[PDB]
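Below: one structure, written as structure tokens.
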Amino acid sequence: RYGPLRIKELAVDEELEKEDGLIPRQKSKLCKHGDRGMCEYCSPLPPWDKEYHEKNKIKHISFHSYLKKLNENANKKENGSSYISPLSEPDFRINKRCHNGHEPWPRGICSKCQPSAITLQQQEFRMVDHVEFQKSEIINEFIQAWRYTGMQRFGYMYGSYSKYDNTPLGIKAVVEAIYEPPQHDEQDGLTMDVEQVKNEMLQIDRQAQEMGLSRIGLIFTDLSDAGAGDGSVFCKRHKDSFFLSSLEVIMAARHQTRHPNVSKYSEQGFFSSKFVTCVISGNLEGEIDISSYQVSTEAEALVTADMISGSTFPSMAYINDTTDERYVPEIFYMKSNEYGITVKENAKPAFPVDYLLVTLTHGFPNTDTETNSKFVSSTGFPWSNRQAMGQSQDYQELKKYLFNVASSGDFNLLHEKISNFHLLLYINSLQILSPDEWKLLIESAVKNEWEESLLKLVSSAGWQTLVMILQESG
Amino acid sequence: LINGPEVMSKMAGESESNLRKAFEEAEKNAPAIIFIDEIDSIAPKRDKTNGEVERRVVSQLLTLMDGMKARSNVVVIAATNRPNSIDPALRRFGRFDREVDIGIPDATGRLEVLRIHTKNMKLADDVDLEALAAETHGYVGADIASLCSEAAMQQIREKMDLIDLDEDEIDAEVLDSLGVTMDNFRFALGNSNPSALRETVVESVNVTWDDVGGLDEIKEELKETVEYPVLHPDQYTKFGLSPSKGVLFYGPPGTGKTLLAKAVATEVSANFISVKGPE
Amino acid sequence: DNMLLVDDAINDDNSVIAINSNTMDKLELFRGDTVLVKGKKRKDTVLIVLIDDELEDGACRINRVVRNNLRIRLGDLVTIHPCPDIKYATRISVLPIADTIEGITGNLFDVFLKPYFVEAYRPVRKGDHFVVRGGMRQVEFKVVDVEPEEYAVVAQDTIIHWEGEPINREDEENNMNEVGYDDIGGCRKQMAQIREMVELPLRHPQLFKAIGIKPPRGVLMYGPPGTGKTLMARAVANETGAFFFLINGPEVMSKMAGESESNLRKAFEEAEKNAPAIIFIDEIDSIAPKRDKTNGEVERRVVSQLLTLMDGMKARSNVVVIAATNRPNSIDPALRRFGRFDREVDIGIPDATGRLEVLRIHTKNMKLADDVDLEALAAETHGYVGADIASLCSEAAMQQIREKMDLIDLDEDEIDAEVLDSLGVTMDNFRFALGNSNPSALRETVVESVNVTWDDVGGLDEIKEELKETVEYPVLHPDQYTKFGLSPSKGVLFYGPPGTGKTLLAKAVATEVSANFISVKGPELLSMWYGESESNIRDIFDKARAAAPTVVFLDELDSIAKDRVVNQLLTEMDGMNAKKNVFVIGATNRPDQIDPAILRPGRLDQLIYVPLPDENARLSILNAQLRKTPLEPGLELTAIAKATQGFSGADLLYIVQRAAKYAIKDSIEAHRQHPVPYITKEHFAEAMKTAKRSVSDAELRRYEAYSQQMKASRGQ
Ligand SMILES: Nc1ncnc2c1ncn2[C@@H]1O[C@H](COP(=O)(O)OP(=O)(O)O)[C@@H](O)[C@H]1O
Ligand SMILES: Nc1ncnc2c1ncn2[C@@H]1O[C@H](COP(=O)(O)OP(=O)(O)O)[C@@H](O)[C@H]1O
Ligand SMILES: Nc1ncnc2c1ncn2[C@@H]1O[C@H](COP(=O)(O)OP(=O)(O)O)[C@@H](O)[C@H]1O
Ligand SMILES: [Zn+2]
Ligand SMILES: [Zn+2]
């Protein structure tokens, strides 16, 4: 394209790419030179400096810094090339159309369209660094579901991305609300029809985008209470055993491949979706601390061409066999032995999945800093698909929840009782309101400076009809 | 199809898996034909390469070849310009045993190649492909293809005077008036430069007992020496006397010893190999 | 028709072109019509047509900015075409030039551009320059981006994004790529070869479809370093306008293990995916050196990857690969066969005209003084490749600065513009730079050009006739040789006393047939014999073939003809195609010492005796060597020539040099005492008194005996 590709991505990526991240350093005691001029120790530290990370207890290099490293390593300016694109996602599907003279793969294959051996190796750049929950109620209610019922749960989480200063050119995914799809949960697992779930999630995603949110991951609970009198749970997931079994890694890789991250520095324009997966199991103690993970890019491109399946051993993923329409070359997973030497071990039968993960760091915002929460909610109207419990969205619930405040006033109280995710979704499903009426509803509920917008909403006819039907209904 | 350089271009450790999977696939989908082009790149002479990977690849190839020998209907074909370049261990029983030698073509072969390549060119009616075939001595097929391409280039260069390079397109009539003439082929022959003769090769000769005068007694002696065993080995077997191996011509320079050798080769319809003094 | 003559427009508008009424009628154009104007280097722009009858028919008026953008000067020709499908610019992102915005306060856009485009509908294309005169200032700008691309009309509703950092001016100048043929001179033959081998496959593909051939892909340029190979490749690529994809050797080989191969693959894939393309692999010898060189695995994987990519592009794709190497033998031999770099191009040191052209090209921005005689520098500079000439110019400029340093204060950071005005290079600076320059092209065997005719050689009429009938006829009248089935004679071997001027005969023969002349002296032969040289006989003959019609010259061959080197020479002589116009001329002083094998038919068979010059030849030599020297008026050299019986050319040159030495000594003494602008006869008399013959009588008798033996061997 005679230069950088032209394409539009999120604002976070743009602002990150604007910066440089150089970490300044002062005159070391080892320098031998005047004030001006810098030898080798006073030079600015590149943002991708591996020593700085491992010295600061940071395990991966904040993908944007990885992009800076790749751009610096090559692409000399004004000469030397015509901008060979630096990033390219792995692709293991056999080229069905090569034709050096041979026929398609099923009955012929040369040495140019033969997928070469795949060398698994733990990734070094984590696209999304810090997953952050605006309010602990978001996950507290989610766990409360299991508390009441005892069965496991699973839900997508909506939110948006932003900068993260604590890591060089790092990103954080701030989750605002959680949405629960219709699943047939059980004791040891859960089941949910994929087709219906995606059909529902399509319109839920459309509405959320109308609200400004976005789908940025899936969170599920692997919790089993112990026999202790108080609340204690066994820690089945730690260094000794698996972190995420093969099935969860497969599902995470599928989801990541289905939410590509549009970028400007690749041949296809996308790379390594920003889609964090979180799991709740309980730390070594009786707590219910959460975690986070994200499957590496190879596993993302390793499961598009099948080639992986779950295994009875939790921590190992079974490998499939060759057949027409699916060519699976030898897989070598490269570790480092205790003597600091890299060792390649062929793993056709099964290999650990810890080479197909990168870890994140969960957290919560400081409880005495600026609160930019979109929703002051998560304690009120029943959530969507909690039919199994006594929870059930319906007219009488709305009457009991937002009739006394609505009929009198308390615009502060009305606003705080109107900025709830699930309530907004339900009243939207009611269809009692017109398009622009619902637009002003959301702009009043999910925004600051909301006085005139709420006044306009109440002054509208649609809200009057809604409150009238609420009054009519018991 | 397995290329030599292409396999050798892979990272360390990924150049053995390719061979393994190639042979395994050829076995699974039998019958199969495996053509390891430029095998010398993946199995040079033992002393030529000492790198450890160069030995891993060769040993993997040998193991795959030996294990292949079975009822499985899979045939392995390899190519290499220098017969001695290949590792000696690859030319034993159960391995590349049958050997074929390609020799530079003769006059009729050159004419056939010329007709095959020059079947699409808009050749001018005044072309004497027979004359070109006769003139080209020691031209390999690739050299003939280059000759034809250069002749076409010369023709277009000559016609370029009427063509205006500024315009992307050209007048259709001029584009349809292109035609290669004999002088173009002569110029291309002048420019071309064959390379086969730099090394010893195999080429047929077609000299009879008429381009050499006299030497009738020597002609009869050569006949008795060479022709009879080849044409009538049965009588020699009957008498149990094996034929002679070699002969040594000596005499003043320029007497036509090479012509005698070529005539002897032609009489028994045997290929001729030459080794000049500088070689 | 549409080749409107260029003229300086009265108006300063950046999107207005004035044309004559007659041309407007001829092309059916009209006032206010937007048309696409193309000039030189494929530069294009969009201009609003305005009728103006003052201009002569077929002439158009454009302003300075448009001419600069089109890279054309006044009096040139521009092609105008209709541009009816130009849409209004949805969004134009433009940034100003830093130097032009220095000292500007407030919003630049509102002050300057806001009135310029509103109610103007000026068509703007990417990469153009437009200048706005606001208040007391004039500011140039750049059309960085236009939506829709690549050009569009800036309407009132068009949104203009002026936000951004200033753009430095130095980028456009100091990065002066897109260099055309006008920056290259003295290499017209090789430039024509590269053009005919690159442009036609790309610019006019339908030719080869009609003829029905696969055009050649590879091209391998080589020659002495610093001869402008990279410049030639860049110029051809820019003129073609193809997707040039320069690849360096050191740049590729400096990557981590397992990365250089990836870079090569990505480069070839990119070139293929955007056909047409021109991949230029500079310094390929660093990527694929000779086999006997580095044997490491990392040095083998790259070569194998390059071979695979070369063998993989043989298809309908219009991709041309151009590689540059210093010598032909430095590249891996596997890369010089069919389907690969099969076409060679040889670059040779330029002649006097080439050096003059290079001097003019480089010395066009210098503040040269009046006393410049560039022809003199071209004559006095021999063997200077382009790089040496550039270094010479830089050194002359530096010497001029040093001379004018007297009126310069290093401590003070401000210099008066008057002092800078006085700066100017002079012939003395150039002569000083020549004194301090260090050429290095000749240290290796290199193709050169000679322009000696049948006038610098005295006498030898029969030998000249023999050389003519031996060399001139085969090259000029090959049809006759084909008619009579006679194969041309390959080479000849000169023998005779040293100093007879054999090199002059060789150069004359080369000049007559217009053949490049390759020289190989004794020291080079011995260095190759000892195996410590950078060139080989195979390399010499490969260069001779690629630069045909060539003339190879072996000097003092007896030193090596006393032998592996002789064996290689014999093999190469047998290898060369007879029809190829390559002639090997050997020279020696002891012919019987030559190996007999070299004298066999099909080799340096013909043997030519070169006798000592005759009295008339002596006079001719004296006159020739004294052409550019001031002689005493009325002086006749006939007596001196008569007194020099039996003296070879070197002896006469020695006599002349001694006479000049005496004259210069006398002149220096006279000036120091304070005249003798010419050379008086007494100086020549003293020089003759100090003369000495260089050949003893015994050696002359031996040469005559050998000549008589040879003649009797062919006498009956
Ligand atoms: N009957 C013959 N006797 C001798 N020379 C002949 C005869 N017929 C042809 N020739 C010529 O002899 C030449 C071959 O020389 P040759 O005897 O091979 O050299 P050498 O003796 O060094 O091998 C050819 O050019 C050919 O024209
Ligand atoms: N017409 C010309 N011929 C040769 N050299 C030229 C010519 N014009 C300019 N030069 C100068 O000669 C040099 C050519 O460099 P070159 O040998 O191409 O570099 P490389 O080593 O990359 O091949 C440059 O300094 C260039 O400015
Ligand atoms: N017609 C001529 N005859 C002889 N020598 C000449 C003639 N014209 C010029 N010369 C001089 O003869 C010299 C020959 O030098 P050189 O080539 O080293 O010796 P040789 O010519 O014997 O090989 C040149 O320097 C040249 O100036
Ligand atoms: Zn320092
Ligand atoms: Zn293929």
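Letters for chains follow the order of the structure tokens (A, B, ...), residue numbers begin at 1 for each chain, and ligand numbers begin at 1 in the order shown.
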Once you count only C-alpha atoms and all ligand atoms, which residues end up within 9 Å of ligand 2, and could you hand them over as a VMD selection string? chain C and resid 181 to 187 222 to 233 282 to 283 324 to 326 349 to 350 354 to 355 357 to 359 361 to 362 385 to 391
For C-alpha atoms, I'd like the residues from the last selection saved as a short mmCIF file (atom, residue, chain, number, x, y, z; two decimals), in the first residue's frame.
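Contents of the output file result_37.cif:
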```cif
data_model
loop_
_atom_site.label_atom_id
_atom_site.label_comp_id
_atom_site.auth_asym_id
_atom_site.auth_seq_id
_atom_site.Cartn_x
_atom_site.Cartn_y
_atom_site.Cartn_z
CA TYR C 181 17.47 9.73 -16.65
CA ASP C 182 18.52 13.39 -16.48
CA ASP C 183 20.62 12.61 -13.38
CA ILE C 184 22.60 9.84 -15.14
CA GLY C 185 25.10 10.37 -17.93
CA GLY C 186 27.91 8.52 -19.64
CA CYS C 187 26.23 5.09 -19.40
CA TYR C 222 27.71 -5.70 -11.81
CA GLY C 223 30.83 -3.59 -12.01
CA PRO C 224 33.27 -1.63 -9.90
CA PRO C 225 31.82 -0.22 -6.68
CA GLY C 226 30.77 3.40 -6.82
CA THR C 227 29.73 3.32 -10.48
CA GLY C 228 26.11 4.16 -9.67
CA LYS C 229 24.44 0.76 -9.99
CA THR C 230 21.94 1.64 -7.26
CA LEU C 231 21.31 5.02 -8.89
CA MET C 232 20.62 3.40 -12.27
CA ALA C 233 18.23 0.86 -10.76
CA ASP C 282 21.12 -4.55 -3.69
CA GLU C 283 24.43 -6.19 -2.76
CA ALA C 324 23.73 -5.73 -7.93
CA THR C 325 27.11 -7.33 -7.19
CA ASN C 326 30.69 -6.12 -7.47
CA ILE C 349 34.38 3.37 -16.02
CA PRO C 350 33.17 6.30 -18.18
CA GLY C 354 31.00 10.61 -19.41
CA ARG C 355 33.22 12.36 -16.87
CA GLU C 357 28.56 14.88 -18.05
CA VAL C 358 28.98 13.68 -14.46
CA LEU C 359 30.81 16.89 -13.56
CA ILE C 361 25.36 16.95 -13.24
CA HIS C 362 27.01 17.24 -9.83
CA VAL C 385 34.13 6.58 -11.35
CA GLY C 386 31.15 8.74 -10.43
CA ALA C 387 31.82 8.45 -6.70
CA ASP C 388 35.36 9.75 -7.18
CA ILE C 389 34.03 12.75 -9.10
CA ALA C 390 31.52 13.53 -6.36
CA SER C 391 34.29 13.30 -3.77
#
```
Please, which residues of chain A lie no more than 9 Å from chain B when the count uses only C-alpha atoms, and can they be set out as a ChimeraX atom specification? /A:102,107-112,114-118,329-330
Considering only C-alpha atoms, can you say which of A:63, A:154, A:164, A:313 comes closest to residue 180 of chain A?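 Closest to residue 180 of chain A, using only C-alpha atoms: A:154.
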Please return as a ChimeraX atom specification: the residues of segment 371-582 of chain C that backbone DSSP assigns to strand (DSSP E or B). /C:425,448,492-495,516-520,550-554,582
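For chain C, the residues within 6 Å of chain A are residues 245, 246 and 247 of chain C, with only C-alpha atoms used to measure distance.
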Output file for the selection above: N, CA, C and O atoms, as a JSON list (two decimals), in the first residue's frame:
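Saved file out.json follows:
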```
[["chain", "number", "residue", "atom", "x", "y", "z"],
["C", 245, "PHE", "N", 10.57, -2.11, -4.79],
["C", 245, "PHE", "CA", 10.62, -2.81, -3.50],
["C", 245, "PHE", "C", 12.06, -3.09, -3.08],
["C", 245, "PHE", "O", 12.43, -4.23, -2.78],
["C", 246, "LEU", "N", 12.91, -2.06, -3.08],
["C", 246, "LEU", "CA", 14.31, -2.20, -2.69],
["C", 246, "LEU", "C", 14.47, -3.13, -1.49],
["C", 246, "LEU", "O", 13.81, -2.97, -0.46],
["C", 247, "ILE", "N", 15.36, -4.11, -1.64],
["C", 247, "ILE", "CA", 15.79, -4.98, -0.56],
["C", 247, "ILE", "C", 17.30, -4.87, -0.44],
["C", 247, "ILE", "O", 18.01, -5.00, -1.44]]
```
Give as a ChimeraX atom specification the residues surrounding ligand 4 up to a distance of 12 Å, considering only C-alpha atoms and all ligand atoms. /A:25-44
Kindly save the residues from that selection, with N, CA, C and O atoms included, as a compact mmCIF listing (two decimals), in the first residue's frame.
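The new file selection31.txt reads:
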```txt
# COMPACT_ATOMS: atom_id res chain seq x y z
N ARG A 25 16.14 7.81 32.35
CA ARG A 25 17.09 7.37 33.36
C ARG A 25 18.12 8.47 33.59
O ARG A 25 18.43 9.24 32.69
N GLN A 26 18.64 8.52 34.81
CA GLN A 26 19.59 9.54 35.21
C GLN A 26 21.01 9.02 35.14
O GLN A 26 21.26 7.84 34.88
N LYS A 27 21.96 9.92 35.39
CA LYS A 27 23.37 9.57 35.35
C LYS A 27 23.68 8.44 36.32
O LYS A 27 23.64 8.64 37.54
N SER A 28 23.99 7.27 35.80
CA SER A 28 24.45 6.18 36.65
C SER A 28 25.83 6.50 37.20
O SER A 28 26.60 7.26 36.60
N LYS A 29 26.16 5.90 38.34
CA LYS A 29 27.49 6.08 38.91
C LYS A 29 28.57 5.45 38.06
O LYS A 29 29.76 5.70 38.31
N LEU A 30 28.20 4.65 37.06
CA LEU A 30 29.16 3.98 36.19
C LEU A 30 29.50 4.78 34.95
O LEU A 30 30.35 4.34 34.16
N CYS A 31 28.88 5.94 34.74
CA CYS A 31 29.15 6.73 33.55
C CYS A 31 30.49 7.45 33.67
O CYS A 31 30.86 7.92 34.75
N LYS A 32 31.20 7.55 32.55
CA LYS A 32 32.45 8.30 32.45
C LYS A 32 32.35 9.22 31.25
O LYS A 32 32.77 8.88 30.14
N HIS A 33 31.78 10.41 31.46
CA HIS A 33 31.59 11.38 30.39
C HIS A 33 31.02 12.65 31.01
O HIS A 33 30.52 12.64 32.14
N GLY A 34 31.07 13.73 30.24
CA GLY A 34 30.57 15.01 30.71
C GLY A 34 29.09 14.97 31.02
O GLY A 34 28.47 13.90 30.99
N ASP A 35 28.51 16.13 31.33
CA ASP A 35 27.08 16.18 31.61
C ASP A 35 26.26 15.77 30.40
O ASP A 35 25.39 14.90 30.50
N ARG A 36 26.53 16.37 29.25
CA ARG A 36 25.84 16.02 28.02
C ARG A 36 26.49 14.80 27.39
O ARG A 36 27.67 14.52 27.59
N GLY A 37 25.70 14.07 26.62
CA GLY A 37 26.19 12.85 26.02
C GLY A 37 25.96 11.66 26.92
O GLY A 37 26.21 11.73 28.12
N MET A 38 25.48 10.57 26.35
CA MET A 38 25.05 9.40 27.10
C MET A 38 25.65 8.16 26.47
O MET A 38 25.63 8.01 25.25
N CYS A 39 26.18 7.26 27.30
CA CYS A 39 27.02 6.18 26.77
C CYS A 39 26.25 4.89 26.50
O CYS A 39 25.99 4.55 25.35
N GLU A 40 25.88 4.17 27.56
CA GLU A 40 25.06 2.97 27.37
C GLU A 40 24.10 2.76 28.53
O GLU A 40 23.15 1.98 28.43
N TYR A 41 24.35 3.44 29.66
CA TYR A 41 23.56 3.26 30.86
C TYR A 41 22.65 4.43 31.16
O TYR A 41 21.69 4.27 31.92
N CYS A 42 22.92 5.60 30.59
CA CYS A 42 22.08 6.77 30.76
C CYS A 42 21.06 6.92 29.65
O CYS A 42 20.28 7.89 29.66
N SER A 43 21.03 6.01 28.69
CA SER A 43 20.11 6.13 27.58
C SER A 43 18.69 5.79 28.02
O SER A 43 18.50 4.96 28.92
N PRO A 44 17.68 6.41 27.41
CA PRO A 44 16.30 6.10 27.80
C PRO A 44 15.99 4.62 27.62
O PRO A 44 16.45 3.98 26.67
```
Residues near residue 224 of chain A, anyone? I mean within 10 Å using only C-alpha atoms, not counting same-chain ones fewer than 5 positions away, as a PyMOL selection string. chain A and resi 146+150-152+187-188+232-236+281-282
Using only C-alpha atoms and a cut-off of 7 Å, which residues of chain C sit close to chain B? Please list them as a PyMOL selection string. chain C and resi 203-204+207+210-213+258+301-302+304-305+307-308+338+567+571+575+577+579-580
If we count only C-alpha atoms, what is near residue 641 of chain C at a cut-off of 9 Å, once residues fewer than 2 positions away on the same chain are taken out, given as a count of residues only? 13
Closest atom pairs, residues of chain C within 9 Å of ligand 3, only C-alpha atoms and all ligand atoms, as CSV:
```
residue,atom,partner,partner_atom_place_in_ligand_line,distance
C:455,CA,ligand 3,1 (N),8.4
C:456,CA,ligand 3,8 (N),5.6
C:457,CA,ligand 3,1 (N),3.5
C:458,CA,ligand 3,1 (N),4.0
C:459,CA,ligand 3,1 (N),7.1
C:460,CA,ligand 3,1 (N),8.4
C:496,CA,ligand 3,22 (O),7.8
C:497,CA,ligand 3,22 (O),6.7
C:498,CA,ligand 3,22 (O),3.7
C:499,CA,ligand 3,22 (O),2.9
C:500,CA,ligand 3,4 (C),4.0
C:501,CA,ligand 3,21 (O),3.0
C:502,CA,ligand 3,21 (O),4.3
C:503,CA,ligand 3,17 (O),4.8
C:504,CA,ligand 3,21 (O),6.5
C:505,CA,ligand 3,21 (O),8.5
C:555,CA,ligand 3,23 (O),7.4
C:556,CA,ligand 3,23 (O),8.1
C:587,CA,ligand 3,23 (O),7.4
C:588,CA,ligand 3,23 (O),8.3
C:589,CA,ligand 3,22 (O),8.6
C:612,CA,ligand 3,4 (C),7.5
C:613,CA,ligand 3,3 (N),6.0
C:617,CA,ligand 3,1 (N),6.5
C:618,CA,ligand 3,1 (N),7.8
C:620,CA,ligand 3,1 (N),7.4
C:621,CA,ligand 3,8 (N),5.5
C:622,CA,ligand 3,8 (N),8.8
C:624,CA,ligand 3,8 (N),7.5
C:625,CA,ligand 3,27 (O),7.2
C:648,CA,ligand 3,4 (C),6.0
C:649,CA,ligand 3,5 (N),3.6
C:650,CA,ligand 3,12 (O),5.1
C:651,CA,ligand 3,12 (O),8.5
C:652,CA,ligand 3,11 (C),8.2
C:653,CA,ligand 3,27 (O),6.5
```
May I have the residues from that selection written out with N, CA and C atoms, as a tab-separated table (two decimals), in the first residue's frame?
```
chain	number	residue	atom	x	y	z
C	455	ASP	N	46.15	7.05	-36.19
C	455	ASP	CA	47.01	8.22	-36.32
C	455	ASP	C	48.03	8.36	-35.21
C	456	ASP	N	47.81	7.76	-34.04
C	456	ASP	CA	48.79	7.76	-32.97
C	456	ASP	C	49.83	6.66	-33.13
C	457	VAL	N	49.69	5.81	-34.14
C	457	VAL	CA	50.64	4.75	-34.43
C	457	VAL	C	51.38	5.12	-35.70
C	458	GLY	N	52.71	5.15	-35.63
C	458	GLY	CA	53.53	5.53	-36.77
C	458	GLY	C	53.93	4.32	-37.59
C	459	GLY	N	53.78	4.43	-38.91
C	459	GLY	CA	54.17	3.36	-39.79
C	459	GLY	C	53.36	2.09	-39.55
C	460	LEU	N	54.01	0.95	-39.78
C	460	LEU	CA	53.39	-0.35	-39.57
C	460	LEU	C	52.17	-0.52	-40.49
C	496	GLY	N	57.70	-8.74	-29.96
C	496	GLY	CA	58.71	-7.82	-30.42
C	496	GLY	C	59.42	-7.15	-29.26
C	497	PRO	N	60.42	-6.32	-29.57
C	497	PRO	CA	61.13	-5.61	-28.51
C	497	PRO	C	60.18	-4.72	-27.74
C	498	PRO	N	60.39	-4.56	-26.44
C	498	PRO	CA	59.50	-3.70	-25.65
C	498	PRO	C	59.60	-2.25	-26.09
C	499	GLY	N	58.49	-1.53	-25.94
C	499	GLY	CA	58.42	-0.14	-26.30
C	499	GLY	C	57.97	0.14	-27.72
C	500	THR	N	57.73	-0.89	-28.53
C	500	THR	CA	57.30	-0.67	-29.90
C	500	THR	C	55.87	-0.15	-30.00
C	501	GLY	N	55.10	-0.20	-28.92
C	501	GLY	CA	53.76	0.36	-28.93
C	501	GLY	C	52.67	-0.65	-29.25
C	502	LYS	N	52.79	-1.86	-28.71
C	502	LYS	CA	51.77	-2.88	-28.96
C	502	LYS	C	50.43	-2.47	-28.35
C	503	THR	N	50.45	-1.90	-27.15
C	503	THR	CA	49.21	-1.44	-26.53
C	503	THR	C	48.48	-0.45	-27.42
C	504	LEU	N	49.22	0.40	-28.12
C	504	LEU	CA	48.59	1.35	-29.03
C	504	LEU	C	47.86	0.62	-30.15
C	505	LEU	N	48.48	-0.42	-30.71
C	505	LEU	CA	47.80	-1.20	-31.74
C	505	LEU	C	46.54	-1.85	-31.19
C	555	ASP	N	49.11	-8.72	-21.19
C	555	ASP	CA	50.41	-8.08	-21.30
C	555	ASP	C	51.47	-8.92	-20.60
C	556	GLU	N	52.68	-8.89	-21.15
C	556	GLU	CA	53.81	-9.66	-20.64
C	556	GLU	C	53.35	-11.05	-20.19
C	587	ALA	N	50.50	-10.26	-25.60
C	587	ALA	CA	51.76	-9.58	-25.86
C	587	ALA	C	52.85	-10.21	-25.02
C	588	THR	N	54.04	-10.34	-25.60
C	588	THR	CA	55.18	-10.88	-24.88
C	588	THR	C	56.45	-10.44	-25.59
C	589	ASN	N	57.56	-10.51	-24.86
C	589	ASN	CA	58.86	-10.12	-25.38
C	589	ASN	C	59.75	-11.31	-25.71
C	612	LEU	N	60.71	-2.24	-34.84
C	612	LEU	CA	61.03	-0.92	-34.32
C	612	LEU	C	60.58	0.16	-35.30
C	613	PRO	N	60.24	1.34	-34.80
C	613	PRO	CA	59.75	2.40	-35.70
C	613	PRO	C	60.83	2.85	-36.67
C	617	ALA	N	58.49	7.06	-38.88
C	617	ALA	CA	57.76	6.74	-37.65
C	617	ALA	C	58.33	7.49	-36.46
C	618	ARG	N	59.66	7.62	-36.39
C	618	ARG	CA	60.26	8.39	-35.31
C	618	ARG	C	59.80	9.84	-35.35
C	620	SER	N	57.02	10.96	-36.66
C	620	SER	CA	55.61	10.99	-36.30
C	620	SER	C	55.43	10.88	-34.79
C	621	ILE	N	56.20	10.01	-34.14
C	621	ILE	CA	56.11	9.86	-32.70
C	621	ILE	C	56.53	11.15	-32.00
C	622	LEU	N	57.63	11.75	-32.46
C	622	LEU	CA	58.08	13.01	-31.87
C	622	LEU	C	57.01	14.08	-31.99
C	624	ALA	N	53.77	13.63	-32.37
C	624	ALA	CA	52.58	13.28	-31.60
C	624	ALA	C	52.78	13.57	-30.12
C	625	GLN	N	53.95	13.24	-29.57
C	625	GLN	CA	54.17	13.44	-28.15
C	625	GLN	C	54.39	14.91	-27.80
C	648	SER	N	63.42	2.97	-29.81
C	648	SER	CA	62.01	2.65	-29.67
C	648	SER	C	61.24	3.87	-29.15
C	649	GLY	N	59.91	3.75	-29.15
C	649	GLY	CA	59.08	4.87	-28.74
C	649	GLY	C	59.39	5.34	-27.33
C	650	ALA	N	59.63	4.40	-26.41
C	650	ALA	CA	59.96	4.78	-25.05
C	650	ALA	C	61.20	5.67	-25.01
C	651	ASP	N	62.17	5.39	-25.88
C	651	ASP	CA	63.38	6.21	-25.92
C	651	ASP	C	63.06	7.64	-26.32
C	652	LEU	N	62.21	7.81	-27.33
C	652	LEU	CA	61.84	9.15	-27.77
C	652	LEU	C	61.06	9.88	-26.68
C	653	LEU	N	60.18	9.17	-25.98
C	653	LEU	CA	59.47	9.79	-24.87
C	653	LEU	C	60.44	10.22	-23.78
```
Which residues of chain B sit at most 10 Å from ligand 1, using only C-alpha atoms and all ligand atoms? Give each one's shortest atom pair and distance in Å (one decimal place), in chain and ascending residue order, as CSV.
```
residue,atom,partner,partner_atom_place_in_ligand_line,distance
B:209,CA,ligand 1,1 (N),9.7
B:210,CA,ligand 1,1 (N),8.9
B:211,CA,ligand 1,8 (N),5.8
B:212,CA,ligand 1,1 (N),3.8
B:213,CA,ligand 1,1 (N),4.2
B:214,CA,ligand 1,1 (N),6.4
B:215,CA,ligand 1,1 (N),7.6
B:249,CA,ligand 1,21 (O),9.6
B:250,CA,ligand 1,21 (O),9.0
B:251,CA,ligand 1,21 (O),7.9
B:252,CA,ligand 1,21 (O),6.8
B:253,CA,ligand 1,21 (O),4.0
B:254,CA,ligand 1,21 (O),3.4
B:255,CA,ligand 1,4 (C),3.8
B:256,CA,ligand 1,17 (O),2.9
B:257,CA,ligand 1,17 (O),4.8
B:258,CA,ligand 1,18 (O),4.2
B:259,CA,ligand 1,18 (O),6.1
B:260,CA,ligand 1,18 (O),8.5
B:261,CA,ligand 1,18 (O),9.2
B:262,CA,ligand 1,18 (O),9.9
B:276,CA,ligand 1,23 (O),9.3
```
